[PDB]
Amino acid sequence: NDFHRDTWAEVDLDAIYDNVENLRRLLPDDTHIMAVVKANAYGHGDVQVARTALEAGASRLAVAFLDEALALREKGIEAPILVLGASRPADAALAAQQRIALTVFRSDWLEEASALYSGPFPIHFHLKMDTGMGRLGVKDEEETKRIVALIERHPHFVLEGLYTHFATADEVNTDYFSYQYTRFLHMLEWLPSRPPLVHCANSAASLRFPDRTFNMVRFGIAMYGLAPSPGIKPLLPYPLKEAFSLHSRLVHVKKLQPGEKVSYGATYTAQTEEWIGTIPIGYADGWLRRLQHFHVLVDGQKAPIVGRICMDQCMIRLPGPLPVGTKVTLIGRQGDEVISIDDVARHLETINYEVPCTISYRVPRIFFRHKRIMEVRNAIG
């Protein structure tokens, strides 16, 4: 693939491989690994990350909704895929033909599904139990038993798994986490038979308590080399390798005189002769206007963003005159300087998860494997 603007993101597939292989080592042999690649692999590239994770030791994948699962199948993925969120009862046959498992938490959903489906492909379900996250999942025994019965009665409905999800597994204090786990244990008792797959752990629960994972973990954030929470960093079993970096280049360089203003609202003023650089990245690329008090890396040195960030461009105060074309690193390392996604997240006043997901479709992803470029993906190419 080709791109014609000097702004791009890089995905180190070697980092992804290692993060997943280190986990395969950590977890008991009886515990499967399901790589979470929803939201285009958290902005890292769905098919690329899925491929690497599966070769690193993962055996199944998970996405947020049906379209994401169909896209993976489209791109050639053959491994089992579970849709973690809601879906339409009417789309049951489509998912079944495509060998896509669905999460279920309501008996009325199955009522509607049975009315519209009768074979020949089976639908594998994963019953979601709400133990304290308050999002999706059953909460009472009655509904739990009815769901199982409706599935058990239809010839083409199969109960493949059952799970829950944690709201605070990334907090050093484990009061709530412990509550949910014990809650899960009690609710599991409502099931007449234990499904082949029982799971609860995400990245944080997996890495901290590998001995409390049942037989499948759903590995997400850590697979990308990102800490579930900076607070549990010291508690991580092995070093994480960040797989995402973002770059650009100077497309214009000029020396302002004292008094000249920069960007919208004439908000910035060069009060001394200074060199200003312009890069081809803005808020429509995920470099939100909010990151205007932040900085970037140029010539291994930090250069602050100057004035308001524009839709496709922004300016920075250069330390001195530099040539057009000089590489700029928004996320990554330059010499003795480094900008991490956690750094960006802190200035955006968010969590690392949100950062790469916001880097828009507009920005090409260059994939590296075995330290060499493996491929380029330009969504608008």
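Residue positions are given as counts along the sequence shown, with the first one as 1.
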105-113 versus 82-90 - which carries the larger mean C-alpha B factor in the record: 105-113
Between 276-284 and 118-126 (mean CA B-factor, as deposited), the higher: 118-126
Peak C-alpha temperature factor (PDB record), options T131, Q292, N202, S245: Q292
Largest Cα B-factor, entry values, listed residues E337, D46, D67, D312: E337
For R25, the third of its chain into which the C-alpha B factor falls: highest
Third assignment of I373 from its chain's C-alpha B-factors: highest
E349, C-alpha B-factor rank within chain (lowest, middle or highest third): highest
Cα B factor band for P356 (lowest, middle or highest third within the chain): lowest
Chain third (lowest, middle, highest) by recorded CA B-factor, residue given as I316: middle
